[PDB]
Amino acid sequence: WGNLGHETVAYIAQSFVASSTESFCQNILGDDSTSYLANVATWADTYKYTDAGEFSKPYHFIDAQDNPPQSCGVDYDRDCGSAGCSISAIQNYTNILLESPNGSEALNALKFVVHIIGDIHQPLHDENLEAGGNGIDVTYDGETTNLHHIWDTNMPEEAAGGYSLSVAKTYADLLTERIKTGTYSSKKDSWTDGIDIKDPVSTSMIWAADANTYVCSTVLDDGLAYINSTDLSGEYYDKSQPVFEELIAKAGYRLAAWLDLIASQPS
């Protein structure tokens, strides 16, 4: 996601973690503000574009070698690659937090988990084609951009009604109520089914495979003839909106559940 989407995921997670989880995270981050997770949600995207952080660029995605829109699927060995991927990073950084929660590595590990659980839920972060859709140029409300970027940024910002922090917080709030009592409330139990703190690869693969299904059902279903040539602020946005809203909600809820498990490590 872009900045607003990561902030939204983080605020959702803040609303669903247990209090002891909040304390566990605030202690690592050195921040007990109202925005303790949101303040670090976008960090990994800023860090990766430096000499120090470049090793972590692969950790934002898993380049599924499927054939969308006619065939979607993710396979960890096939798709992760030797430089690593979102799934391998969730394993590594989760295990750092389970083994070494107050060592020097914990702070970055936590910021990576907050960010990457968000990224796994953006379907094009679970797809190889054209570098996760970065190579597919499109027009969005008259602007030339690419398909990856509209899923990260243009469409979530349109749906939220802006780009600023207050806009992200309002959007998170909306999605938290959909989880608690509204349109996602009957599904949220399923969203945490299968979560296993002793198996971060399997756990995060549930989420990656889930998000990847939407590559075929929503991202690329229209075909590139249409996608390359039509302004995607029209019907493409209209049908995409409920999909990315539910995926952002899932990301925040799953992030909260995962943080609860890390903070509850037997100790």
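Only the largest set of C-alpha atoms that superpose within 1.5 Å between the two forms is called the rigid core. From 1 onward, residues are counted along the sequence shown.
Undergrad: Core-aligned, RMS over all structures and residues: is 2 to 10 or 258 to 266 the stretch with the greater C-alpha displacement in 7 other deposited structures of this protein?
TA: Comparing 258 to 266 with 2 to 10, the one that moves more in 7 other deposited structures of this protein is 258 to 266.
Undergrad: Averaged over C-alpha atoms, is the B-factor higher for 27 to 35 or for 236 to 244 in this PDB entry?
TA: The recorded data point to 27 to 35.
Undergrad: Which has the higher mean CA temperature factor in the PDB entry, 116 to 124 or 164 to 172?
TA: According to the entry, 164 to 172 carries the higher average C-alpha B-factor.
Undergrad: Just grab whichever of 181, 91, 108, 154 has the top CA B-factor as deposited.
TA: Each of 181, 91, 108, 154 was compared by C-alpha B-factor; the highest is 181.
Undergrad: Hey, out of 150, 85, 72, 159, whose CA B-factor is highest in the deposited coordinates?
TA: By C-alpha B-factor in the record, 72 ranks first.
Undergrad: By its CA B factor, does residue 266 count among the lowest, middle or highest third of the modelled residues in the chain?
TA: Residue 266: CA B-factor falls in the highest third of its chain.
Undergrad: Going by the entry, which third of its chain does the Cα temperature factor of residue 222 land in?
TA: Its C-alpha B-factor, which the entry lists for residue 222, ranks in the highest third among residues of this chain.
Undergrad: How does residue 46 rank on Cα B-factor within its chain, lowest, middle or highest third?
TA: For residue 46, the deposited C-alpha B-factor lands in the highest third.
Undergrad: Where does residue 230 sit by CA temperature factor within its chain: lowest, middle or highest third?
TA: Its C-alpha B-factor, which the entry lists for residue 230, ranks in the highest third among residues of this chain.
Undergrad: Compared with the other modelled residues in the chain, in which third is the CA B-factor of residue 67?
TA: Tercile = highest for this residue's CA B-factor.
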